[PDB]
Every structure is written in C-alpha cells, then in structure tokens.
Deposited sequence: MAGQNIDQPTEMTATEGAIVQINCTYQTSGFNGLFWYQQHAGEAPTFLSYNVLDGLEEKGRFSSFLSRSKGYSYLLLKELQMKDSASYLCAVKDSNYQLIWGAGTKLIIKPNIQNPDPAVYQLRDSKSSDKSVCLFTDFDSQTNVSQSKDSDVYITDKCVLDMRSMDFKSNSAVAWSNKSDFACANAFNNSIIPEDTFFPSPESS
C-alpha cells in the first residue's frame, strides 16, 4: 500500500551515499532499485527477496523483510551517479508499487579551489548581461536573488575527460545589475574574488 524514500540527497564526488527505502505492502515478492538519469529511461540496478546484502560493483542493496526496510549503498561516487533512484516492491498479487524516487546530486571534488566572480562580454545578439561565479568548493553555497528581474542558476549538471568545475550564472535586463552585487549574500569562504565597479 505504501512505500517511502528521501526526496533529495547531496554528496561529493568520491564519497559514499546511502538511500533508505521503507515499505508496507500486503505481501512481498521482491524489491527493485532503478536508476534514472534526467530525461532518460529508468534502468534496473539491483534486486532483493531474501534478507541480506547484494553487491554488484560499487553498488550494493540491503533488505530486511521483517522491518520492511532497504538501503541502496553507493561507494566511490562518480559524477555519473547523479540521478534519481527509484525504489519498487512487488505486491502479494504480482503488481508493482513505485515510490517517488530519490534525486541524488553529486558535487565535484575540487582539490584546488579558486572561487571568483567574472563579468562576461555582452553578446550583441542579446540585450542582457551575465555574470559567472566559478571554481568554488562544495562548502560554498549560492542561492537565488532577492530581485525578481535577476536570474541565478547554479545546480548545473555536467555532461558525460572533462574540465569539471562548479559554476553558477546570474543574468538580468536592468542597468542596475553589476557583477559586484550579483552574488551578494552568498555563503562565501575567504579569498574569493568579487570585482568592485
């Protein structure tokens, strides 16, 4: 009848994450874990029926029929692990109950942080100006603006060698917009650069 799992989780590259899943069904004929990348087909990950652990590479899934509990354990997190993880249980009748997946966000491992805010050139094919906040650590937070006419988008996901780097983009139409006030009130470490005029 019911199945629950975390909505969102956030972890850094190279770490270990554990996604719990609790269910209460009429009967039990198995538990599945599915991985779904954004805008792509869900794919089968693991399966459990008997109590115990199931290890396949970096991925492992645990099950407790008595507790109605299961966790997916991801070791040595890579950037490609960032996806939604669907938990599913077969009913007493062989029907399949899906829980609303857990979205996992993987932050890159930056060994040499160098956070700064840069002012990109105007485009001549656009009427808006953009500002780039980049090369910051995972311990850095950048959120939305208190302004409505200014748009800020971090949380970008890398493609599948790569120049993997955390980056946030701020843009707007107004003239009051400068790259000195764009990323104001961001949780900020020491030494990060904001230009002045």
Compare the deposited sequence with the modelled residues and state the ranges that are missing C-alpha positions. 1 to 3, 164 to 165, 203 to 205
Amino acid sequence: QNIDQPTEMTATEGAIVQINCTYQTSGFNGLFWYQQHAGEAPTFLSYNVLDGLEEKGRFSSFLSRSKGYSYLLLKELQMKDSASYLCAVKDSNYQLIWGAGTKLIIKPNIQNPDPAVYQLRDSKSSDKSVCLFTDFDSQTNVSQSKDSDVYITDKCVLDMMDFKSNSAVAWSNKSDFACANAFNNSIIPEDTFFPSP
From here on, numbers count along this sequence of modelled residues.
Of 56 to 64 and 166 to 174, the stretch with the higher mean C-alpha B-factor in the deposited entry is 166 to 174
Higher-B stretch (mean Cα B-factor, as the entry records it), 69 to 77 or 115 to 123: 115 to 123
Which of these, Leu45, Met160, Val49, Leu132, has its C-alpha atom at the highest B-factor, as the entry lists it? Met160
Highest-ranked of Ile152, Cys156, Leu31, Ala41 once sorted by CA temperature factor in the record: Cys156
Per the entry's values, where does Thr25 land by CA temperature factor relative to the rest of its chain, in the lowest, middle or highest third? middle
According to the PDB entry, is the CA B factor of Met9 in the bottom, middle or top third of its chain, that is, lowest, middle or highest? lowest
Where does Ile16 sit by CA temperature factor within its chain: lowest, middle or highest third? middle
